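Novice: From the sequence below, what's the structure:
(one chain, ligands or ions: 1)
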Amino acid sequence: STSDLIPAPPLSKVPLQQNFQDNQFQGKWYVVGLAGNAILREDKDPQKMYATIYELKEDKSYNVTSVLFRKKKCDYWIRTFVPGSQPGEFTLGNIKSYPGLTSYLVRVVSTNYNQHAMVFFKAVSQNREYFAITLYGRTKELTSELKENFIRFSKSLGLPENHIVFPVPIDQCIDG
Ligand code: NA
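Specialist: Residues are numbered from 1 along each chain as shown. Find the structure here:
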């Protein structure tokens, strides 16, 4: 394998949502914007919109379920986010069960809980440092101001235009 990647930014360039409220952040979020160093715009087959459901457990970790529409079926990816060093920061639960994955970091950058959210991800897989940013939406659509702000923040982490994508809304699986 030979492969080139845009460097993961320093954590100082990734803000943290102040006084993060885990209870208010639960529920379904739509992925209305997706950016990252391993993410690429594919004009021939545009990425379809997928959803991620956060649900607080008793021990204050999240059962994180992502649901996407792939190959005419609904695929479900169930993961666990364990609370990290500061509120709004999380590490991946049961990391040993994922082969190659030596590191995983989640950081809630900004959110108003009832409309939108921005979450930063960083992961070292096979000694390759990947990072991504997701524009979460409570509905499938969001304003141009929020979308241009997501593009602005994505660029501030060294990501060009073609590494920023906006998944097209769909009705399959991500509703209900
Ligand atoms: Na990632």
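Novice: Now name the helix or strand holding the spatially most central residue of the chain.
Specialist: Central residue check for the chain by Cα atoms, centre = their mean: the C-alpha nearest the mean position is that of residue 134, 3.9 Å away. Assessed by DSSP states H and E, residue 134 sits inside strand 128-137.
Novice: Equivalent analysis for residue 77, please.
Specialist: strand 73-83.
Novice: Follow the chain on from the strand holding residue 134 and name the next helix or strand.
Specialist: With DSSP H and E, the next secondary element past strand 128-137 is helix 144-156.
Novice: Can you tell me who residue 104 pairs with across the strands?
Specialist: For residue 104, the beta-bridge partners are residue 123 (DSSP bridges).
Novice: wait, it sits on residue 122?
Specialist: Yes: with contact defined as Cβ atoms under 8 Å, residue 104 counts as touching residue 122 (7.5 Å). For the C-beta atoms, the positions are set from N, CA and C on the backbone; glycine is no exception.
Novice: For this protein, which segments are assigned as strands?
Specialist: 27-36, 51-56, 62-70, 73-83, 89-92, 101-111, 116-125, 128-137, 164-165 (DSSP state E).
Novice: closest to residue 146 out of these?
Specialist: Residue 146 lies closest to strand 116-125 among the strands of the chain, at 5.6 Å (Cβ to Cβ).
Novice: Can the closest one be said to contact the ion?
Specialist: Yes: Strand 116-125 reaches the ion (Cβ under 5 Å from the ion) through 121, 123.
Novice: swap in stretch 22-35?
Specialist: No: on the criterion Cβ under 5 Å from the ion, stretch 22-35 is out of touch with the ion, staying 10.1 Å away.
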